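Chemist: The following block contains the structure, expressed as structure tokens.
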Amino acid sequence: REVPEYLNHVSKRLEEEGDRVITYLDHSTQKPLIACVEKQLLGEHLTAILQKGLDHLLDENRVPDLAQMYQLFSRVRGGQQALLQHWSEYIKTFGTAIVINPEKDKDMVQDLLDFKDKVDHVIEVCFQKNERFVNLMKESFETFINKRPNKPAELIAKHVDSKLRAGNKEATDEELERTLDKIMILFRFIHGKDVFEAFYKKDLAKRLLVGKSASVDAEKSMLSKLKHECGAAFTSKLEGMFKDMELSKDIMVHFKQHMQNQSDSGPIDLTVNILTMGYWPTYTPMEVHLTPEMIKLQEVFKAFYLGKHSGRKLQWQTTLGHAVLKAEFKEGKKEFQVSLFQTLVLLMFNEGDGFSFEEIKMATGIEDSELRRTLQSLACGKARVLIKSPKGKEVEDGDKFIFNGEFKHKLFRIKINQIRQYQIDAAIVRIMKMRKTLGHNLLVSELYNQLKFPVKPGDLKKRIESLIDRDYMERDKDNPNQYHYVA
Amino acid sequence: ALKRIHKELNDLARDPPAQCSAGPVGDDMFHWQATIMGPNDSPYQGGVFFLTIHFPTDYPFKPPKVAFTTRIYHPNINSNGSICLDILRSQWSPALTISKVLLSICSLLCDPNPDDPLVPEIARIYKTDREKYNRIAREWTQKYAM
Amino acid sequence: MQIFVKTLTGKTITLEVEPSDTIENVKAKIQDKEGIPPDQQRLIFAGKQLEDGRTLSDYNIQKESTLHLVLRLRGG
Amino acid sequence: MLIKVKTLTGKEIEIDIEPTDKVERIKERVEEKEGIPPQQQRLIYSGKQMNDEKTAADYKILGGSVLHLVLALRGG
Amino acid sequence: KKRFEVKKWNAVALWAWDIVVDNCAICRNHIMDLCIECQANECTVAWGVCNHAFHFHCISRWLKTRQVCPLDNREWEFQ
Ligand SMILES: [Zn+2]
Ligand SMILES: [Zn+2]
Ligand SMILES: [Zn+2]
């Protein structure tokens with residue numbers, strides 16, 4: 001018989017024996033009979049049953065049989081202990097399959113979240129919320145998640161970004177926070193947490209500076225968990241970002257008033273975020289040939305802001321900005337929320353219907369590698385505002401891009417921006433305390449068995465000498481190889 | 001002032017000193033208890049000596065009354081557990097913060113000055129025979145610090 | 001290589017040093033970094049005075065370590 | 001929450017605990033990530049030697065609350 | 001035919017200090033931020049010839065207790 005049916009057979013037989021005792025056998029024979037049958041049915045086949053059935057049964061999520069299995073195994077002495085192992089080893093075996101394979105990166109977290117929810121459910125229903133199984137569930141996840149350095153943290157970080165992004169309208173407010181709570185129960189198991197911040201911080205940096213966050217209340221909810229989970233020190237730099245966005249809007253009120261008081265206000269409607277350089281991701285400043293009307297707008301602000309706060313210096317980030325360019329096409333006007341590079345390059349495509357890749361480059365000054373990325377956004381994208389000559393996906397130095405005056409698009413407003421030392425010491429005294437007498441050779445052997453890192457012979461001897469000085473250990477009067485426990 | 005002590009407490013909780021630890025004993029923030037782990041390569045190795053800080057009502061501009069609770073063998077520290085640092089009585093400086101006074105005490109555990117000693121009885125032993133000093137201090141550490 | 005030192009004012013500054021370098025030059029670097037005189041520093045590592053006439057390699061100091069700066073004191 | 005148990009050398013061992021774990025649990029977690037069995041620890045949090053029966057919530061241990069670990073070589 | 005015109009603009013800018021925060025040692029505040037006593041409601045920063053920065057409200061009291069700079073041991077005068 002297979003294990004799932006066999007357990008039903010054992011469940012049946014025990015109750016018959018339990019039924020017999022009430023029927024005609026003396027009650028004093030109640031216990032020895034049950035232990036006798038129980039020993040033979042399960043006590044002699046614990047490993048055999050678990051190997052054959054448990055690993056298969058767990059995968060199928062067969063709730064009743066496991067409940068029967070755990071209920072039955074508790075009767076045997078050490079039966080439950082045997083169930084922890086093959087259940088625990090199952091996690092480290094099937095768990096490693098989730099993380100070890102780099103080809104499953106796109107579908108990593110959801111498996112980890114799903115597989116996390118599954119095993120928790122088995123604990124709540126089958127194993128009767130046994131605290132021992134809860135611990136080894138936690139201890140086991142901590143192990144295999146960390147068999148891949150620094151990638152699970154990256155994917156969990158990337159996962160939370162997707163959930164919070166404005167594109168995540170499908171998950172309502174109540175649904176979202178429950179998802180995060182399951183992540184935070186998973187984020188605990190990671191060891192390289194300092195790598196999670198930088199990946200979550202860089203993503204959170206993009207979220208604020210392009211306003212794609214779905215719910216500000218969901219944002220603040222997230223940090224309220226990290227701050228509670230890792231202290232204000234871990235999330236200190238993060239909260240600085242939110243202040244900067246909060247503070248920037250205040251600056252806009254005062255700055256905008258200044259321009260109104262001035263009779264010379266450019267048609268360009270301006271907004272600038274002021275971000276503390278220490279917290280935000282490091283950006284490399286890069287020069288761009290801004291227009292004479294463009295260069296002025298920073299100058300009034302820079303002087304104004306500096307005039308309001310001495311000792312500062314505003315060094316601009318042209319990369320992170322984005323402007324709007326209303327266009328005059330042949331079938332209606334369109335708007336293009338475009339980064340500064342796209343703004344400057346797209347401001348090279350009206351005087352002449354087209355220009356060479358190099359003709360634009362010295363006009364603006366962008367790096368070639370990123371200018372190509374910009375131009376690809378203007379030619380190869382869905383909103384093909386350029387016609388590449390020759391046509392193709394990738395840009396080349398010989399390209400004479402042609403402005404698309406026949407540009408058609410459904411929306412009116414469009415976007416293009418898609419593109420060991422003490423450890424040795426502690427063990428030595430610990431081992432020698434139990435022994436009360438030992439030689440050098442065995443003391444050296446047990447260390448590597450008891451220490452999980454390399455130990456140099458030179459380093460090992462030095463600790464022994466240091467411990468001799470502190471009276472922890474003493475050599476034999478005639479056998480330097482042999483030590484004795486002092487206290 | 002409290003706000004000075006609050007800032008010290010927060011900046012100590014965030015970035016603690018290596019072999020030091022101090023925090024309020026109860027509700028009253030003016031009464032801290034600290035702990036100087038014995039500096040390595042010293043007779044005080046492996047020791048944990050508990051202090052008892054008391055901040056005055058003008059703490060930035062007036063020293064705190066730190067006093068050992070664990071009986072320490074030292075020429076500069078009496079059996080009552082009182083210290084006699086010059087920085088702590090005469091040359092107190094507001095810029096010096098509790099994380100710094102504790103570290104300075106930790107350093108001075110290994111750098112006594114038997115000249116002008118608070119305990120001349122031990123100072124004579126230290127000045128004359130340093131070999132016996134490193135054994136009496138060791139036994140005091142073992143019988144109080146561990 | 002470089003080393004971290006925690007100045008008195010709460011800030012932290014990083015010193016570019018070599019193990020062969022003597023402590024006197026270390027204090028001079030602290031000076032021209034922020035300017036408290038060579039006499040008044042008392043560098044602390046693992047609760048030990050960093051003696052002026054010695055070098056970092058003497059005290060078993062490596063990369064990404066930390067040195068603590070205090071005000072000069074004396075016994076009593 | 002996370003408690004980072006930094007020892008004398010400055011190594012900052014990370015640990016995770018629920019708000020109600022008994023400090024014996026904390027020492028056991030330190031055993032797994034650092035290797036010193038719970039008998040030889042003396043955890044010192046903010047100048048109070050933690051006692052082996054108190055719950056972590058007693059001491060107001062929060063996220064990122066750094067403890068201190070000191071070896072008691074005897075350790076029974 | 002020929003039209004180089006822009007119609008809107010958003011950007012960002014990172015702000016950094018001219019030299020350094022210049023952490024006050026008496027009160028541990030930030031120099032633009034007011035004195036720790038002055039927060040509880042015109043708190044100017046006063047230099048020493050050491051170039052050491054201190055809030056006037058802190059260094060005045062310390063001077064009233066000691067005519068000595070707390071970091072350096074020189075005497076206190078501004079520029
Ligand atoms: Zn003030
Ligand atoms: Zn000065
Ligand atoms: Zn001040």
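Letters A, B, ... mark the chains of the structure tokens in the order given; residue numbers begin at 1 per chain; ligand numbers begin at 1, in order shown.
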Give as a ChimeraX atom specification the residues surrounding ligand 1 up to a distance of 9 Å, considering only C-alpha atoms and all ligand atoms.
Modeler: /E:27,34-39,42-45,55-59
Chemist: Hey, could you make a per-residue contact list for chain B against ligand 3 with 12 Å as the cut-off, showing the nearest pair of atoms and its distance in Å to one decimal, counting only C-alpha atoms and all ligand atoms, sorted by chain and number, as JSON lines?
Modeler:
```
{"residue": "B:3", "atom": "CA", "partner": "ligand 3", "partner_atom_place_in_ligand_line": "1 (Zn)", "distance": 11.7}
{"residue": "B:4", "atom": "CA", "partner": "ligand 3", "partner_atom_place_in_ligand_line": "1 (Zn)", "distance": 10.1}
{"residue": "B:60", "atom": "CA", "partner": "ligand 3", "partner_atom_place_in_ligand_line": "1 (Zn)", "distance": 10.3}
{"residue": "B:61", "atom": "CA", "partner": "ligand 3", "partner_atom_place_in_ligand_line": "1 (Zn)", "distance": 11.8}
{"residue": "B:94", "atom": "CA", "partner": "ligand 3", "partner_atom_place_in_ligand_line": "1 (Zn)", "distance": 10.2}
{"residue": "B:95", "atom": "CA", "partner": "ligand 3", "partner_atom_place_in_ligand_line": "1 (Zn)", "distance": 9.9}
```
Chemist: Could you give me, as JSON, numbers by chain, the residues within 12 Å of segment 176-186 of chain A, counting only C-alpha atoms and dropping anything in the same chain fewer than 4 positions from it?
Modeler: {"A": [109, 110, 111, 112, 113, 114, 115, 116, 117, 120, 137, 138, 139, 141, 142, 145, 146, 152, 153, 155, 156, 157, 158, 159, 160, 161, 162, 163, 164, 165, 168, 169, 170, 171, 172, 190, 191, 193, 196, 214, 215, 217, 218, 219, 220, 221, 222, 223, 224, 225, 226, 227, 228, 229, 230], "D": [1, 16, 17, 18]}
Chemist: Could you pull out the residues sitting within 8 Å of ligand 2, using only C-alpha atoms and all ligand atoms, and write them as a list in words?
Modeler: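 Protein and nucleic-acid residues within 8 Å of ligand 2: residues 35 and 36 of chain C; 48, 49, 50, 51, 52, 53, 69, 70, 71, 72, 73, 74, 75 and 76 of chain E.
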Chemist: Can you write out the residues you just picked, keeping N, CA, C and O atoms, as a PDB file, in the first residue's frame?
Modeler:
```pdb
ATOM      1  N   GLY C  35      42.153  70.943  13.227  1.00  0.00           N
ATOM      2  CA  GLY C  35      42.957  71.933  13.921  1.00  0.00           C
ATOM      3  C   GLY C  35      42.870  71.979  15.433  1.00  0.00           C
ATOM      4  O   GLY C  35      42.573  73.036  15.998  1.00  0.00           O
ATOM      5  N   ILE C  36      43.119  70.856  16.099  1.00  0.00           N
ATOM      6  CA  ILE C  36      43.394  70.862  17.535  1.00  0.00           C
ATOM      7  C   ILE C  36      44.843  70.421  17.712  1.00  0.00           C
ATOM      8  O   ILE C  36      45.279  69.470  17.048  1.00  0.00           O
TER       9      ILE C  36
ATOM     10  N   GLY E  48      35.574  81.234  16.623  1.00  0.00           N
ATOM     11  CA  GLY E  48      36.773  81.470  17.398  1.00  0.00           C
ATOM     12  C   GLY E  48      37.942  81.677  16.461  1.00  0.00           C
ATOM     13  O   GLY E  48      37.856  81.305  15.288  1.00  0.00           O
ATOM     14  N   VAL E  49      39.042  82.258  16.944  1.00  0.00           N
ATOM     15  CA  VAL E  49      40.231  82.388  16.112  1.00  0.00           C
ATOM     16  C   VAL E  49      40.796  81.036  15.709  1.00  0.00           C
ATOM     17  O   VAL E  49      41.640  80.965  14.814  1.00  0.00           O
ATOM     18  N   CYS E  50      40.350  79.958  16.352  1.00  0.00           N
ATOM     19  CA  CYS E  50      40.634  78.612  15.886  1.00  0.00           C
ATOM     20  C   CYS E  50      39.904  78.273  14.593  1.00  0.00           C
ATOM     21  O   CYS E  50      40.198  77.234  13.997  1.00  0.00           O
ATOM     22  N   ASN E  51      38.961  79.116  14.161  1.00  0.00           N
ATOM     23  CA  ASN E  51      37.973  78.888  13.109  1.00  0.00           C
ATOM     24  C   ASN E  51      36.845  78.000  13.621  1.00  0.00           C
ATOM     25  O   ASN E  51      35.942  77.667  12.845  1.00  0.00           O
ATOM     26  N   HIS E  52      36.860  77.613  14.893  1.00  0.00           N
ATOM     27  CA  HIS E  52      35.848  76.715  15.426  1.00  0.00           C
ATOM     28  C   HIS E  52      34.502  77.415  15.490  1.00  0.00           C
ATOM     29  O   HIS E  52      34.401  78.556  15.948  1.00  0.00           O
ATOM     30  N   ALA E  53      33.468  76.724  15.033  1.00  0.00           N
ATOM     31  CA  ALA E  53      32.122  77.264  15.025  1.00  0.00           C
ATOM     32  C   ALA E  53      31.400  76.886  16.306  1.00  0.00           C
ATOM     33  O   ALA E  53      31.483  75.746  16.766  1.00  0.00           O
ATOM     34  N   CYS E  69      38.312  77.913  24.634  1.00  0.00           N
ATOM     35  CA  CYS E  69      37.608  77.152  23.615  1.00  0.00           C
ATOM     36  C   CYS E  69      37.476  75.704  24.089  1.00  0.00           C
ATOM     37  O   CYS E  69      38.363  75.203  24.784  1.00  0.00           O
ATOM     38  N   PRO E  70      36.371  75.015  23.793  1.00  0.00           N
ATOM     39  CA  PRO E  70      36.233  73.651  24.316  1.00  0.00           C
ATOM     40  C   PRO E  70      37.017  72.626  23.519  1.00  0.00           C
ATOM     41  O   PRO E  70      37.542  71.670  24.095  1.00  0.00           O
ATOM     42  N   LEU E  71      37.105  72.802  22.202  1.00  0.00           N
ATOM     43  CA  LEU E  71      37.886  71.876  21.387  1.00  0.00           C
ATOM     44  C   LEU E  71      39.374  72.156  21.532  1.00  0.00           C
ATOM     45  O   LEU E  71      40.123  71.355  22.101  1.00  0.00           O
ATOM     46  N   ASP E  72      39.807  73.299  21.023  1.00  0.00           N
ATOM     47  CA  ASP E  72      41.154  73.791  21.228  1.00  0.00           C
ATOM     48  C   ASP E  72      41.230  74.478  22.580  1.00  0.00           C
ATOM     49  O   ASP E  72      40.213  74.850  23.161  1.00  0.00           O
ATOM     50  N   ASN E  73      42.448  74.658  23.081  1.00  0.00           N
ATOM     51  CA  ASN E  73      42.646  75.336  24.355  1.00  0.00           C
ATOM     52  C   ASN E  73      42.980  76.811  24.193  1.00  0.00           C
ATOM     53  O   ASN E  73      43.219  77.491  25.194  1.00  0.00           O
ATOM     54  N   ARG E  74      42.989  77.324  22.967  1.00  0.00           N
ATOM     55  CA  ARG E  74      43.257  78.734  22.756  1.00  0.00           C
ATOM     56  C   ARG E  74      42.117  79.569  23.338  1.00  0.00           C
ATOM     57  O   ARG E  74      41.134  79.052  23.872  1.00  0.00           O
ATOM     58  N   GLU E  75      42.263  80.885  23.242  1.00  0.00           N
ATOM     59  CA  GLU E  75      41.267  81.822  23.731  1.00  0.00           C
ATOM     60  C   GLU E  75      40.258  82.145  22.630  1.00  0.00           C
ATOM     61  O   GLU E  75      40.511  81.947  21.441  1.00  0.00           O
ATOM     62  N   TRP E  76      39.102  82.661  23.039  1.00  0.00           N
ATOM     63  CA  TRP E  76      37.961  82.855  22.151  1.00  0.00           C
ATOM     64  C   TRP E  76      37.877  84.304  21.692  1.00  0.00           C
ATOM     65  O   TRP E  76      37.677  85.205  22.513  1.00  0.00           O
TER      66      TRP E  76
END
```
Chemist: Which neighbours of segment 61-75 of chain D fall inside 6 Å, counting only C-alpha atoms, when residues of the same chain fewer than 4 positions from it are skipped, and could you give them as a PyMOL selection string?
Modeler: (chain A and resi 228-231+426) or (chain D and resi 1-7+39-45)
Chemist: Selection from above, N, CA and C atoms, as an mmCIF file, in the first residue's frame, can you write it?
Modeler:
```
data_model
loop_
_atom_site.group_PDB
_atom_site.id
_atom_site.type_symbol
_atom_site.label_atom_id
_atom_site.label_comp_id
_atom_site.auth_asym_id
_atom_site.auth_seq_id
_atom_site.Cartn_x
_atom_site.Cartn_y
_atom_site.Cartn_z
ATOM 1 N N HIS A 228 10.357 49.900 11.959
ATOM 2 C CA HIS A 228 10.036 49.008 13.061
ATOM 3 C C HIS A 228 10.803 47.695 12.989
ATOM 4 N N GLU A 229 11.280 47.311 11.807
ATOM 5 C CA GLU A 229 11.978 46.046 11.619
ATOM 6 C C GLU A 229 13.491 46.175 11.680
ATOM 7 N N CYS A 230 14.038 47.353 11.373
ATOM 8 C CA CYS A 230 15.478 47.554 11.332
ATOM 9 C C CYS A 230 15.937 48.826 12.025
ATOM 10 N N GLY A 231 15.065 49.510 12.751
ATOM 11 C CA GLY A 231 15.450 50.699 13.475
ATOM 12 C C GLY A 231 15.550 51.918 12.576
ATOM 13 N N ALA A 426 37.683 31.360 22.370
ATOM 14 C CA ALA A 426 36.533 30.860 23.111
ATOM 15 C C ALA A 426 36.413 29.350 22.988
ATOM 16 N N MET D 1 12.088 42.317 14.959
ATOM 17 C CA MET D 1 13.093 43.415 14.914
ATOM 18 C C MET D 1 14.493 42.866 14.689
ATOM 19 N N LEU D 2 15.410 43.753 14.316
ATOM 20 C CA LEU D 2 16.820 43.413 14.200
ATOM 21 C C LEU D 2 17.596 44.018 15.354
ATOM 22 N N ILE D 3 18.351 43.180 16.049
ATOM 23 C CA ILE D 3 19.383 43.622 16.972
ATOM 24 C C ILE D 3 20.715 43.232 16.360
ATOM 25 N N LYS D 4 21.636 44.177 16.294
ATOM 26 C CA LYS D 4 22.974 43.909 15.792
ATOM 27 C C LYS D 4 23.895 43.807 16.996
ATOM 28 N N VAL D 5 24.445 42.621 17.211
ATOM 29 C CA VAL D 5 25.214 42.307 18.409
ATOM 30 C C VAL D 5 26.677 42.532 18.053
ATOM 31 N N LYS D 6 27.177 43.734 18.323
ATOM 32 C CA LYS D 6 28.553 44.073 17.989
ATOM 33 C C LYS D 6 29.466 43.735 19.158
ATOM 34 N N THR D 7 30.551 43.030 18.865
ATOM 35 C CA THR D 7 31.486 42.571 19.880
ATOM 36 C C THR D 7 32.626 43.576 20.041
ATOM 37 N N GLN D 39 26.426 29.687 26.808
ATOM 38 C CA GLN D 39 26.984 29.712 28.153
ATOM 39 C C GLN D 39 28.061 30.779 28.300
ATOM 40 N N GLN D 40 28.757 31.120 27.215
ATOM 41 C CA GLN D 40 29.934 31.976 27.278
ATOM 42 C C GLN D 40 29.672 33.413 26.844
ATOM 43 N N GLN D 41 28.417 33.803 26.632
ATOM 44 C CA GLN D 41 28.086 35.191 26.343
ATOM 45 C C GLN D 41 27.843 35.939 27.642
ATOM 46 N N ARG D 42 28.045 37.250 27.596
ATOM 47 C CA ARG D 42 27.506 38.162 28.601
ATOM 48 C C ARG D 42 27.025 39.385 27.828
ATOM 49 N N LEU D 43 25.772 39.351 27.394
ATOM 50 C CA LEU D 43 25.238 40.439 26.595
ATOM 51 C C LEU D 43 25.002 41.651 27.478
ATOM 52 N N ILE D 44 25.535 42.791 27.055
ATOM 53 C CA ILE D 44 25.415 44.051 27.774
ATOM 54 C C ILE D 44 24.677 45.009 26.857
ATOM 55 N N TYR D 45 23.458 45.381 27.229
ATOM 56 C CA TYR D 45 22.670 46.335 26.463
ATOM 57 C C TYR D 45 22.573 47.641 27.229
#
```
Chemist: Can you tell me, as a PDB file with N, CA, C and O atoms, in the first residue's frame, what residues are no more than 10 Å from residue 64 of chain C when counting only C-alpha atoms, ignoring any on the same chain fewer than 5 positions away?
Modeler:
```pdb
ATOM      1  N   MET C   1      46.183  52.900   1.732  1.00  0.00           N
ATOM      2  CA  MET C   1      44.934  52.619   2.495  1.00  0.00           C
ATOM      3  C   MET C   1      44.528  53.831   3.323  1.00  0.00           C
ATOM      4  O   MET C   1      45.264  54.815   3.405  1.00  0.00           O
ATOM      5  N   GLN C   2      43.350  53.749   3.936  1.00  0.00           N
ATOM      6  CA  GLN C   2      42.796  54.843   4.720  1.00  0.00           C
ATOM      7  C   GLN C   2      42.304  54.289   6.049  1.00  0.00           C
ATOM      8  O   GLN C   2      42.257  53.075   6.264  1.00  0.00           O
ATOM      9  N   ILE C   3      41.922  55.199   6.943  1.00  0.00           N
ATOM     10  CA  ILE C   3      41.461  54.842   8.276  1.00  0.00           C
ATOM     11  C   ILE C   3      40.393  55.840   8.685  1.00  0.00           C
ATOM     12  O   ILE C   3      40.397  56.992   8.246  1.00  0.00           O
ATOM     13  N   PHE C   4      39.472  55.390   9.528  1.00  0.00           N
ATOM     14  CA  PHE C   4      38.429  56.244  10.073  1.00  0.00           C
ATOM     15  C   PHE C   4      38.850  56.747  11.444  1.00  0.00           C
ATOM     16  O   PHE C   4      39.430  56.002  12.238  1.00  0.00           O
ATOM     17  N   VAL C   5      38.570  58.016  11.711  1.00  0.00           N
ATOM     18  CA  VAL C   5      38.734  58.584  13.040  1.00  0.00           C
ATOM     19  C   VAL C   5      37.475  59.366  13.370  1.00  0.00           C
ATOM     20  O   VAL C   5      36.898  60.040  12.511  1.00  0.00           O
ATOM     21  N   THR C  14      37.899  60.573   7.547  1.00  0.00           N
ATOM     22  CA  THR C  14      38.715  59.461   7.085  1.00  0.00           C
ATOM     23  C   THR C  14      40.119  59.966   6.797  1.00  0.00           C
ATOM     24  O   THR C  14      40.289  60.962   6.085  1.00  0.00           O
TER      25      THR C  14
END
```
Chemist: Contacts between segment 300-322 of chain A and segment 29-67 of chain E, please, where a residue of segment 29-67 of chain E counts if it comes within 12 Å (with only C-alpha atoms); show its shortest atom pair and distance in Å to one decimal, rows by chain and ascending number, as CSV.
Modeler:
```
residue,atom,partner,partner_atom,distance
E:31,CA,A:311,CA,9.9
E:32,CA,A:309,CA,8.1
E:33,CA,A:309,CA,11.1
```
Chemist: What separation in Å, quoted to one decimal, exists between atom CA of residue 61 of chain C and atom CA of residue 43 of chain C?
Modeler: 12.7 Å
Chemist: Should the cut-off be 12 Å, what would the residue list for chain D against chain C look like, counting only C-alpha atoms, as a list in words?
Modeler: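 Taking only C-alpha atoms into account, residues 7, 8, 9, 10 and 11 of chain D sit within 12 Å of chain C.
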Chemist: Can you tell me, as a PyMOL selection string, what residues are no more than 9 Å from residue 17 of chain B when counting only C-alpha atoms, ignoring any on the same chain fewer than 4 positions away?
Modeler: (chain B and resi 12+21+99-100+103) or (chain C and resi 68)
Chemist: Just N, CA and C atoms for this one: save the residues we selected as a short mmCIF file (atom, residue, chain, number, x, y, z; two decimals), in the first residue's frame.
Modeler:
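See out_33.cif below for the written result:
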```cif
data_model
loop_
_atom_site.label_atom_id
_atom_site.label_comp_id
_atom_site.auth_asym_id
_atom_site.auth_seq_id
_atom_site.Cartn_x
_atom_site.Cartn_y
_atom_site.Cartn_z
N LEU B 12 24.29 57.80 20.50
CA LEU B 12 24.98 56.64 21.05
C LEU B 12 24.26 55.35 20.69
N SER B 21 29.14 51.11 26.74
CA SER B 21 27.69 51.05 26.61
C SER B 21 27.08 51.79 27.78
N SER B 99 30.03 59.50 25.40
CA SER B 99 30.75 58.49 24.65
C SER B 99 32.25 58.73 24.68
N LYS B 100 32.68 59.97 24.89
CA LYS B 100 34.10 60.29 24.96
C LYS B 100 34.65 60.16 26.37
N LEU B 103 35.17 56.49 26.98
CA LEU B 103 36.33 55.96 26.26
C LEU B 103 37.63 56.43 26.88
N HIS C 68 39.55 56.70 17.98
CA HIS C 68 38.73 57.61 18.75
C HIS C 68 39.58 58.77 19.23
#
```
Chemist: Counting only C-alpha atoms, what is within 12 Å of residue 292 of chain A, bar same-chain residues fewer than 2 positions away, as a PyMOL selection string?
Modeler: (chain A and resi 266+289-290+294-299) or (chain E and resi 4-6)
Chemist: Can you list, as number ranges by chain, every residue of segment 1-145 of chain B that DSSP puts in alpha helix (DSSP H)?
Modeler: B: 2-14, 86-89, 98-108, 120-128, 130-144
Chemist: Specify as a VMD selection string all residues of chain B found within 9 Å of chain A, counting only C-alpha atoms.
Modeler: chain B and resid 14 to 15 43 45 138
Chemist: In Å, how far is it from atom CA of residue 79 of chain E to atom CA of residue 92 of chain B?
Modeler: 25.9 Å
Chemist: In Å, how far is it from atom CA of residue 31 of chain B to atom CA of residue 5 of chain B?
Modeler: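 Taking atom CA of residue 31 of chain B and atom CA of residue 5 of chain B, their separation equals 10.4 Å.
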